[PDB]
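Novice: Hey, dropping coords36.txt in here, compact mmCIF, C-alpha atoms:
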```txt
# COMPACT_ATOMS: atom_id res chain seq x y z
CA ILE A 1 33.76 -55.29 51.85
CA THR A 2 34.02 -54.97 48.08
CA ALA A 3 30.38 -53.88 47.84
CA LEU A 4 30.91 -50.68 49.82
CA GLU A 5 33.59 -49.11 47.63
CA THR A 6 31.97 -49.95 44.29
CA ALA A 7 29.06 -47.76 45.34
CA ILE A 8 31.38 -44.75 45.61
CA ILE A 9 33.14 -45.30 42.28
CA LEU A 10 29.74 -45.89 40.67
CA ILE A 11 28.47 -42.50 41.82
CA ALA A 12 31.61 -40.81 40.52
CA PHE A 13 31.18 -41.84 36.88
CA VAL A 14 27.45 -41.13 36.63
CA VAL A 15 28.04 -37.57 37.81
CA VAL A 16 30.79 -37.05 35.24
CA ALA A 17 28.56 -38.54 32.57
CA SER A 18 25.67 -36.26 33.52
CA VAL A 19 27.86 -33.15 33.58
CA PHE A 20 29.33 -34.08 30.21
CA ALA A 21 25.81 -34.80 28.98
CA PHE A 22 24.60 -31.38 30.11
CA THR A 23 27.52 -29.63 28.43
CA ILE A 24 27.06 -31.55 25.19
CA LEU A 25 23.35 -30.80 25.46
CA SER A 26 23.99 -27.09 25.93
CA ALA A 27 26.53 -26.85 23.10
CA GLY A 28 24.40 -28.61 20.51
CA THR A 29 21.68 -25.97 20.72
CA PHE A 30 24.11 -23.13 20.03
CA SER A 31 25.58 -24.75 16.93
CA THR A 32 22.11 -25.43 15.54
CA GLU A 33 21.09 -21.78 15.83
CA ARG A 34 24.15 -20.48 13.98
CA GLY A 35 23.56 -22.80 11.05
CA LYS A 36 20.00 -21.53 10.75
CA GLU A 37 21.00 -17.87 10.42
CA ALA A 38 23.44 -18.66 7.63
CA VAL A 39 20.67 -19.97 5.38
CA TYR A 40 18.40 -17.02 6.16
CA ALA A 41 21.20 -14.50 5.60
CA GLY A 42 22.22 -16.11 2.32
CA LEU A 43 18.72 -16.06 0.86
CA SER A 44 18.15 -12.39 1.65
CA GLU A 45 21.30 -11.25 -0.16
CA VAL A 46 20.43 -12.95 -3.44
CA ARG A 47 17.03 -11.27 -3.74
CA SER A 48 18.03 -7.65 -3.07
CA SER A 49 18.97 -6.45 -6.54
CA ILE A 50 18.21 -3.12 -8.23
CA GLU A 51 17.65 -2.12 -11.85
CA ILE A 52 17.81 1.10 -13.86
CA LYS A 53 14.75 2.22 -15.82
CA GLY A 54 14.80 4.85 -18.52
CA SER A 55 17.48 7.10 -19.92
CA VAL A 56 20.25 9.01 -18.17
CA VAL A 57 19.93 12.79 -18.28
CA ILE A 58 22.65 15.44 -17.98
CA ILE A 59 21.75 18.98 -16.90
CA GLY A 60 24.27 21.62 -17.93
CA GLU A 61 24.95 24.79 -15.99
CA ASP B 123 -18.39 0.93 -16.78
CA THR B 124 -20.12 -1.86 -14.87
CA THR B 125 -17.61 -2.64 -12.12
CA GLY B 126 -14.67 -0.48 -11.10
CA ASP B 127 -12.05 -2.61 -12.83
CA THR B 128 -9.05 -0.70 -14.16
CA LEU B 129 -6.94 -3.62 -15.37
CA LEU B 130 -5.96 -3.86 -19.03
CA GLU B 131 -6.50 -7.33 -20.48
CA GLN B 132 -7.49 -8.99 -23.74
CA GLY B 133 -9.88 -7.06 -25.96
CA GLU B 134 -9.71 -3.75 -24.08
CA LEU B 135 -8.37 -0.51 -25.54
CA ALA B 136 -7.64 2.76 -23.74
CA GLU B 137 -6.42 6.17 -24.81
CA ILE B 138 -4.32 8.47 -22.65
CA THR B 139 -4.46 12.27 -22.61
CA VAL B 140 -1.53 14.29 -21.27
CA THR B 141 -2.66 17.86 -20.67
CA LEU B 142 0.00 20.57 -20.71
CA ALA B 143 -1.86 23.78 -21.38
CA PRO B 144 -0.61 26.62 -19.11
CA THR B 145 2.14 24.92 -17.14
CA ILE B 146 4.31 23.63 -20.00
CA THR B 147 4.85 25.78 -23.09
CA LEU B 148 5.35 24.07 -26.45
CA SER B 149 5.38 25.77 -29.84
CA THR B 150 6.20 25.26 -33.50
CA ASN B 151 9.36 23.62 -34.85
CA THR B 152 10.40 21.80 -31.69
CA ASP B 153 11.35 18.28 -30.65
CA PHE B 154 9.85 16.76 -27.52
CA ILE B 155 9.98 13.40 -25.78
CA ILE B 156 7.33 11.70 -23.65
CA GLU B 157 8.47 8.73 -21.58
CA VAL B 158 6.23 6.04 -20.09
CA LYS B 159 7.44 3.78 -17.28
CA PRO B 160 5.13 0.88 -16.46
CA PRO B 161 5.74 -1.09 -13.25
CA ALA B 162 6.70 -4.14 -15.32
CA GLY B 163 7.63 -4.84 -18.91
CA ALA B 164 9.09 -2.59 -21.55
CA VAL B 165 9.82 1.11 -21.10
CA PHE B 166 9.06 3.01 -24.30
CA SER B 167 9.23 6.63 -25.37
CA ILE B 168 7.67 8.88 -28.00
CA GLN B 169 9.73 11.30 -30.09
CA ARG B 170 8.04 13.58 -32.60
CA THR B 171 8.37 17.09 -34.01
CA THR B 172 5.81 19.87 -33.83
CA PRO B 173 4.70 21.14 -37.26
CA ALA B 174 5.47 24.57 -38.68
CA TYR B 175 1.86 25.77 -38.38
CA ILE B 176 -0.35 24.64 -35.51
CA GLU B 177 -3.99 23.82 -36.29
CA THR B 178 -6.85 22.74 -34.06
CA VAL B 179 -6.19 19.04 -34.67
CA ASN B 180 -2.79 17.89 -35.93
CA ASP B 181 -1.54 14.48 -36.99
CA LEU B 182 2.00 13.32 -36.33
CA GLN B 183 1.66 9.93 -38.03
```
Rewrite the coordinates I just gave you, this time as structure tokens.

Specialist:
Amino acid sequence: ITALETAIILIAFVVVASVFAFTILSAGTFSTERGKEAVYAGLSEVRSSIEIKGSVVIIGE
Amino acid sequence: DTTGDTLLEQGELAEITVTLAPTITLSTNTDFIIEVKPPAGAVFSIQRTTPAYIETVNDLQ
């Protein structure tokens, strides 16, 4: 008798594990992408400066 | 003279001629400024004063 039920409970947990595994698989990819953009965005900002060359000229009306 | 090189490196020496004959009018007893803006390095300028009697070749020290 005891063999029959343990099959059913066994199937229950593996399905929950797989569904949890799929969700934790799906979520890990998203978090990885966001971290990548932060480094790229940070580097671009630091290198975008501007200088002034020469004198400043006033034209009078 | 041999190749087409126009880079300025050790041992070379070049003069520059700025022609302002009809377009820009300059005469005696005047102060003018000529500004040079290289793509990198210092940015210098030249301030002089036209003599009181213009000759064919004039020296401004």

Novice: At a cut-off of 10 Å, list the chain A residues touching chain B, using only C-alpha atoms, as a short mmCIF file (atom, residue, chain, number, x, y, z; two decimals) with C-alpha atoms, in the frame of the given file.

Specialist:
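Okay, iface-v4.cif is ready:
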```
data_model
loop_
_atom_site.label_atom_id
_atom_site.label_comp_id
_atom_site.auth_asym_id
_atom_site.auth_seq_id
_atom_site.Cartn_x
_atom_site.Cartn_y
_atom_site.Cartn_z
CA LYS A 53 14.75 2.22 -15.82
CA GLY A 54 14.80 4.85 -18.52
CA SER A 55 17.48 7.10 -19.92
#
```

Novice: Would you compute an axis-aligned box for segment 7-17 of chain A, covering every atom listed for it in the file with 3 Å of margin on each side, and report centre and edge lengths in Å to one decimal as AutoDock Vina command-line options?

Specialist:
```
--center_x 30.3 --center_y -42.4 --center_z 39.1 --size_x 11.7 --size_y 16.7 --size_z 19.0
```

Novice: Taking all atoms listed in the file into account, which of B:170, B:139, B:183, B:128 comes nearest residue 152 of chain B?

Specialist: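 Smallest distance to residue 152 of chain B is found for B:170.
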
Novice: Could you tell me how far atom CA of residue 182 of chain B lies from atom CA of residue 142 of chain B, in Å and to one decimal?

Specialist: 17.3 Å

Novice: Mind giving me the straight-line distance from atom CA of residue 35 of chain A to atom CA of residue 19 of chain A in Å, one decimal?

Specialist: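 About the pair atom CA of residue 35 of chain A and atom CA of residue 19 of chain A: they are 25.2 Å apart.
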
Novice: Would you work out the distance separating atom CA of residue 30 of chain A from atom CA of residue 43 of chain A, expressed in Å to one decimal?

Specialist: 21.1 Å

Novice: Have a look at B:137, B:169, B:131, B:175 and name the one nearest to residue 150 of chain B; count all atoms listed in the file.

Specialist: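 The shortest atom-to-atom distance to residue 150 of chain B comes from B:175.
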